[PDB]
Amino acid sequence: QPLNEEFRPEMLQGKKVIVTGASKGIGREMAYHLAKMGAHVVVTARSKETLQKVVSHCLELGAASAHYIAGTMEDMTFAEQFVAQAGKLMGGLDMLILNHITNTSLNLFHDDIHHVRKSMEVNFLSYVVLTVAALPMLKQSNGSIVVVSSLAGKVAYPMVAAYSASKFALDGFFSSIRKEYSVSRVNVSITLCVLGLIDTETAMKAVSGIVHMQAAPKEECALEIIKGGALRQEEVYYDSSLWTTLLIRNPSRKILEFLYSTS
């Protein structure tokens, strides 16, 4: 059940939020928006020097508190330990923003099992490890899980097959536990964010010469992810095309989920 209210930046004031993949791009823009809202933030990514700079800017913007923990989400021990440390720094957890992805470029799939497994481990499995480690704190606070996904996580997309598989897996996993939490009365919301092309340095470089469309602003995108999570909405759609929002919706899937629940 989402909040039938309009978003207010005050909803995040004093909230204890983790943002992963927060050294750059959308993740960094989220940490900044949260800081301006006066949230307590714990940021993570591999790059410690850039995470240092992010935390310092968060404090300038007005974050209630800001800390970083550096490590790779390839390392499942780090993922589990990071949540416990982040929780101890803030005295709890209200929102878990799962955003990091392994480095990926546009290429036809041929024999690249390494990139398929790496995408699955980093983009999907670590999200599950982080969720398990965070849930006790989120159940205590009636908190929220925010999962960053893509158009390639809802429809087939050539040149990003391993990435698409990892994003599709997030939908299957997180949408299925959302139904389980509903019937078991676990009051932790799950927001799946479906994004189109965003003007991050990573995406702009990856798509240069190959895919040409725009390219919605990263600042506005980060805010839409936070708003959807704050409002406990099931899904957020953020793309520059009006065709997307209308056609991406799946009432047929929603009908089937309702019909197969009464069994």
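Counting begins at 1, following the sequence as shown. Note that the rigid core is defined as the largest set of C-alphas that superpose within 1.5 Å between two forms.
Larger root-mean-square CA separation from the shown form, computed after a rigid core fit of the structures in 7 other deposited structures of this protein, is seen for 232-240 when 32-40 is set against 232-240. Among other deposited entries of this protein with both flanking residues present, at least a third omit coordinates for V211. Mean CA B-factor, 109-117 versus 122-130: the higher value falls on 109-117.
For the pair 138-146 and 163-171, the mean B factor over Cα atoms is greater in 138-146. Taking the PDB entry at face value, the top CA B factor among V236, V55, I226, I198 belongs to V55. The residue among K48, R28, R232, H40 whose C-alpha carries the highest B-factor in the deposited model is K48.
Annotation for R185: CA B-factor lies in the highest third of the chain's modelled residues.
Among the modelled residues of the chain, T20 sits in the lowest third by CA temperature factor in this PDB entry. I210: CA B factor lies in the highest third for its chain, per the PDB record. Ranked within its chain, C221 lands in the middle third, by CA B factor from the PDB record.
Among the modelled residues of the chain, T72 sits in the middle third by CA temperature factor in this PDB entry.
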